[PDB]
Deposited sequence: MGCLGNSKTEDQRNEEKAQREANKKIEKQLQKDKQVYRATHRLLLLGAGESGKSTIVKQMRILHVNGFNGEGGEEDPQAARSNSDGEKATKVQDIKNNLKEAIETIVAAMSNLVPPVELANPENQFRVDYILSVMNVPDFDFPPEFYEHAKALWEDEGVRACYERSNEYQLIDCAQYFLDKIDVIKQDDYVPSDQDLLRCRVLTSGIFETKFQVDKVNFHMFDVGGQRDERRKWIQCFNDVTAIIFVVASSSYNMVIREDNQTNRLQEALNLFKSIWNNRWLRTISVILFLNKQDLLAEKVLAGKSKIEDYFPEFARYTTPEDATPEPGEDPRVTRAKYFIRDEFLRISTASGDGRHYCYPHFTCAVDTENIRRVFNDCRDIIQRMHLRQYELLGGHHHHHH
């Protein structure tokens, strides 16, 4: 028994991360190559923050005017091709990240394209700088890299086989998806549930979640996917929790229907989770369920999951639910 699974979703949704978790969980020089990529993540993350400070409205100010010189150092090196990563970089990088103004700009990151792994790596510069550095499993999970094309990852669980297919979520890339529509066990559709306050990259205008919603309706209602069921991976629940509890950007100020929404009776909140988060996480779910409910006609079904792709302690648990559901197909 083999099962061909297609992973779908917008850009930076989780797709790649999840393939990674399958390798952590159900598979086995190899990591020295990935170190460079993490450093790039760190570079692209710090520049992006400072570069954005002066272009925001209102513009942001450094708490320490001394730092202006590092700000100058970073922008000077921003374009450099095969960047050398001298120990100055890390020094200046760290210093900036200590500056409360640089951070205050980072709070307003919903207003410019900033990778998810920023705050993670910017909190651990001193570890990455060492020449004897070797990335932790969570470091490899967090390393963001764009997927161009389609990548087949084969693994097995209990002699049962799985072929997993990774695709680009970016608009230009979606044109390749079709190639995996025939002979497919089930769709795993990934959503960055936390991205409710930020616009997409491709046009810098269209809201990320709304893009995700429209992309789901496209897939759910596709002409070549009326048989095929979709496992819905509402993902980035940690980041979602953060925002709701942080209270900086309200959801109803982006999705006004939220004000006219009370929490479901069938809700099963995780032990001692905040009623506010509860309300929020299930509302994003129901938004997706309306699409799946509307059409379908018992030929395919929607199975939601609350997911944290960077938490293997939640991937195993939910991937287990998916092994279960795969019983009939």
What are the missing stretches of the deposited sequence, listed from start to end? 1-38, 67-85, 387-402
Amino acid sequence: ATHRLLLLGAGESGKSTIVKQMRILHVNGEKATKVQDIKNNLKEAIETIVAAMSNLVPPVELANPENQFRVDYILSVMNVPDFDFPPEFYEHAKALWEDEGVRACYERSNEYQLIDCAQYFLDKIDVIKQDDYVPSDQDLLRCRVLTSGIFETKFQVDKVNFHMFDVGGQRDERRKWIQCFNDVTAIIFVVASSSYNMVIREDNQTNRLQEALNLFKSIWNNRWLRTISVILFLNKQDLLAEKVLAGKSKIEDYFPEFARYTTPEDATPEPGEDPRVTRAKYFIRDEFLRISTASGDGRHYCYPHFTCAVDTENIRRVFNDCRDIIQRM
From here on, numbers count along this sequence of modelled residues.
Of 300-308 and 263-271, the stretch with the higher mean C-alpha B-factor in the deposited entry is 263-271
Please work out which of 272-280 and 39-47 has the higher mean CA B-factor as recorded in the PDB entry. 272-280
Criterion, highest CA B-factor; candidates, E202, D84, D123, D139: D84
Is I315 in the lowest, middle or highest third of its chain when residues are ranked by C-alpha B-factor? middle
Within-chain third of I291 by Cα B-factor, per the entry: lowest
Sorting the chain's modelled residues by C-alpha B-factor and splitting them into thirds places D132 in the highest
Assert third(CA B-factor, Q179) within chain per record equals middle
Among the chain's modelled residues, which third holds the C-alpha B-factor of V27? highest
